[PDB]
Every structure is written in structure tokens, then in C-alpha cells.
Amino acid sequence: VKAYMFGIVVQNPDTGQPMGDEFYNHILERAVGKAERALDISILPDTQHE
Amino acid sequence: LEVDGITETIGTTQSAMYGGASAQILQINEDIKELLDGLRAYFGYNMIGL
Amino acid sequence: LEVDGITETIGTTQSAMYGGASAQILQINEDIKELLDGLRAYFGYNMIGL
Amino acid sequence: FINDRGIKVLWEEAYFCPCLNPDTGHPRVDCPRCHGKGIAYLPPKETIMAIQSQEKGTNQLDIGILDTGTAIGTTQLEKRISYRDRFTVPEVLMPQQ
Amino acid sequence: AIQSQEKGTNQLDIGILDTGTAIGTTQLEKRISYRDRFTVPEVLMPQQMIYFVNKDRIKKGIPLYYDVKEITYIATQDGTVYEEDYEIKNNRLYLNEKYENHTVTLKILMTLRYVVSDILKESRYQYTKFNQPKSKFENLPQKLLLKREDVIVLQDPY
Amino acid sequence: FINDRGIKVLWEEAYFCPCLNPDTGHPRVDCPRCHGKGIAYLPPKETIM
């Protein structure tokens, strides 16, 4: 992700602390869920019983 | 506000039409619309036989 | 801000209508639209026989 | 607005020192309460003041050099500053020789 | 940054003098002090000189009033003086003894120089907090009044 | 901009005339190279000012 924002930093103006990678991972996992619903597909491997 | 030649001036995101958080709410509504479209594809259309 | 012969004026991309990242988000939405059209051509239209 | 724009200063209030000679009317040069100035000062008070036009005002004289520089100050609300009251600005250091 | 670079010619019974003045804005976080000296190596100023040449000045060399960086014109009653017949060393002018009873006239260039005469804004301040862990005090640019080094003239620092 | 706005002038450069009296320091009033002014002038140069 950060590569696509080369030359930017996301930083709390009251403390100068950069945003933690936990938020990036959380957002990525939800973005994968969104992609798996915009298209009727299963991206990540899983065992299905039908 | 100006005192003794010191000048301070603000234009804020508030306006006679739009509230301070207008833009963020508009973006959130766009995201909600995408999410709802996806989830209303996951759950089906309701139907009943008369 | 004007203080003791130093003056600064800034106009930001924020506005009462648009948030600071409006432009980037719009461009990203265009890219998403192109990608989704392509991927919905790669995977087919869903169909079922009643 | 003033708290944002002003620098922190220590304010101490002037009063005439009671060491003045009852006849000549001049200060005692050895007075410990005032170091030869006629004016004694109360304990310092923390305040914020906005300061402008901070000029050094160098003078070169037959007696030697002297500084007569002048500045303009805007006080906080609800204060009654009095003549020869004294301010110091602990953040700001000036070079001298 | 320098502004209003005035020459300030004066013409007096003692002779000519320059009292010109300029206004300077410093960089951040500097504490310029009275009679601090600046030179501007990029900027060359024209000046003029004349000397009567005598046996002592031939043997000892003429001590020039200005710190000559280079000569643009040199002449005498007999005409132009060619570069084999003069030399400058240590801001002394040496001449061929041919000229033992002549007067030499020069046009010269020298580097611009200033001394701090007075400080018009010795302090400007800002507490900066935005994106800092805690408030940081910073000293903004000073405004200097600069006076030209005519009366006493010193070599360039190198 | 300067070439459009300026008038054409002849510029000639000052230098002290070597006719100055080696004692009194004043110009010779009969000097042909400078007509009693202490200042001689180099040949003129065309410029716009």
C-alpha cells in the first residue's frame, strides 16, 4: 500500500506518531472481503462442504 | 480578528449550506452504497408464491 | 496570519463541499470501475435454468 | 487569540523603594532590595504578552556604547500595567560583548 | 537576503566617503551581533584612485586605500601603463622606476562588504506545535541594518 | 523591457585626470584632457537607459 503513496506519511498532528500497521492489515482484510463480494468469487483458499 | 496590527483569519469548512463534516459523510454514503450493493447480491431477492 | 512583518496565506484543497483527498478518491474510483468491468468480463454472467 | 500569539513572560510590578534618602530624595546605592535603582519590584507573575518591533537601538557615544532599543507590547485582558513595570523573556537570548 | 543597497556618497572637505546603508534579512535561528561583518564575493563594486609616485613609493610600494580585487584601467601622463610595468602584492602597488616622478590613476573593482550597524528586529518568535510531540520554540529571521565598510578597509577572509 | 522603455544615451566613464597638482591636489585649469574639472572621461559608449 505505502508504495502507492510514495512520498506521503500518515501522521497524527498532535503527536507525530505514524499510523500503525495493524490498521493497514485490518483494512486489507476488509478490502479482500469487498473484492470477494463485488465479484461472485472465492479468492483465498478454503474447504467448502455442500 | 485583528489587534494592534496582528492579524489572524480563518475560513472554515462550515457554510450556510454545508455542515462541517459534509464531505466525510458524502464519502461514507458512497462507501455504504457500494457495500449495500454487494451484500444485496449476497442475500437474494425476496419472493413468495401466491 | 500576519505577525511583525511576516505574512502567510494558504489555500487548501479542503472546502465546504470537498474533502482534502476528494481528487485521489475520484481517480481511484475510476480505476476501480475499469478493473471491475474487465474482471466482470473475465468471469461470466450468472445464469440458472428454472 | 492573545494566548496563541503572545510569548511567555515574567511580569513583576514596580513600586518606589522605601530606601530613598528622606532629605536628598535619591536611592541608597547599596540597597539590597533595589540595586541602586529607585524602584523595587514585587515577586514575579507569569503572563503571556505579544511583542512587536523589537529594535536594539544601538548608540555610540563619547561615554561608550549604549542600547536604547524599543518595542511595542500588547497585554492580556483585564490587566493594569504600571509605569516602569519590568518584563523578562526567558526563552529569548541576546548576544553581547 | 539584502535590500536597498545604497552607496551613500558624501563629498567633504576631507575628501569623499561612502556611508551607504542596506537592509538584511537573516536565516533562521541566528543571533547576529553588533559590528559583525559580511562580505559578498559574487558582487564587485567600482572605485577610483589616484596617487603621486615618488622615490619612496617606488621603493616601498603604494599602499592602496581599497582592497583591490582587480584593475580595470591604469594610466599616467605618458599614457596607459602596460601589465609588465606594474604589479600588486599584499594590496601594495609596485611600479617600474620609470615612473619615479609621475602620477598614476586607476579604476578598480572590489568585493562588496558590510558591517552590522543596528538591528531593526532582533527577535521574532514562534511556538510551533503542529506535528510536534511537544511545543518547540523557534527564532524567526532577524532584520539587520548594514553599513558599508569604507572608512576602515580589511582584507577578504581568504 | 529596458530596451523598449529606455532612451538612447551616450555613456562615458569617469576617472581622475593625472593633471592634478602633486602638491595642492587641485586640477590644472588649462588642462586639455579635462577642462578644469578634476575628472577625465573615457571614450563614449552607446547604451539605453
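Letters A, B, C, D, E and F mark the chains as written, and numbering starts fresh at 1 in each.
We take it that contacts are C-beta pairs under 8 Å (C-beta built on N, C-alpha and C of every residue); 3 or more make two chains touch, one makes a residue touch a chain.
Trainee: Which chain pair is joined by more contacting C-beta pairs, A-B or B-D?
Mentor: B-D
Trainee: Tell me the angle, as a multiple of 5 degrees, of the rotation that maps subunit B onto subunit C over the C-alpha atoms.
Mentor: 30
Trainee: Centre to centre, using CA atoms, which chain is the farthest one from subunit B?
Mentor: Centroid comparison gives F as the farthest chain from subunit B.
Trainee: On a C-alpha centroid basis, what's the spacing between subunit C and subunit D, in Å?
Mentor: Using C-alpha averages as centres, the distance is 58 Å.
Trainee: Taking the mean of the C-alpha atoms as each chain's centre, how many Å separate subunit C from subunit E?
Mentor: Each chain's C-alpha centroid was found; their separation is 59 Å.
Trainee: Could you give the separation in Å between the centres of subunit C and subunit F, each centre being the mean of its C-alpha atoms?
Mentor: 70
Trainee: Would you mind pulling out the distance in Å between where the CA atoms of subunit E average out and where those of subunit F do?
Mentor: Chain centres of subunit E and subunit F, defined by C-alpha means, are spaced 24 Å apart.
Trainee: Among all residues of subunit D, which ones touch two or more of the remaining chains?
Mentor: Within subunit D, the residues that touch at least two other chains are 5, 52-53.
Trainee: Could you tell me which residues belong to subunit A and also touch two or more other chains?
Mentor: Counting only residues that touch two or more other chains, subunit A contributes 38, 40.
Trainee: Any two chains that touch count here, so list every such pair.
Mentor: Chains touch in the following pairs: A-B, A-C, A-E, B-C, B-D, C-D, C-E, D-E, E-F.
Trainee: Spell out the residues on subunit B that touch subunit D in their complex, using ranges where they run on.
Mentor: Residues of subunit B touching subunit D: 1, 3-6, 8.
Trainee: Could you list, by residue number, the parts of subunit C that touch subunit A in their complex?
Mentor: Residues 36, 39-40, 43, 46 of subunit C touch subunit A in their complex.
Trainee: In the complex of these two chains, what residues of subunit A are touching subunit C?
Mentor: Going through subunit A, the ones touching subunit C are 38-41.
Trainee: Under the definition above, what is the set of subunit B residues touching subunit A in their complex?
Mentor: Listed in rising order, the residues are 34-35, 38-39, 41-42.
Trainee: Please give the residue numbers of subunit C that touch subunit B in the complex, ascending.
Mentor: Touch list, subunit C to subunit B: 1-4, 14-19, 22, 25.
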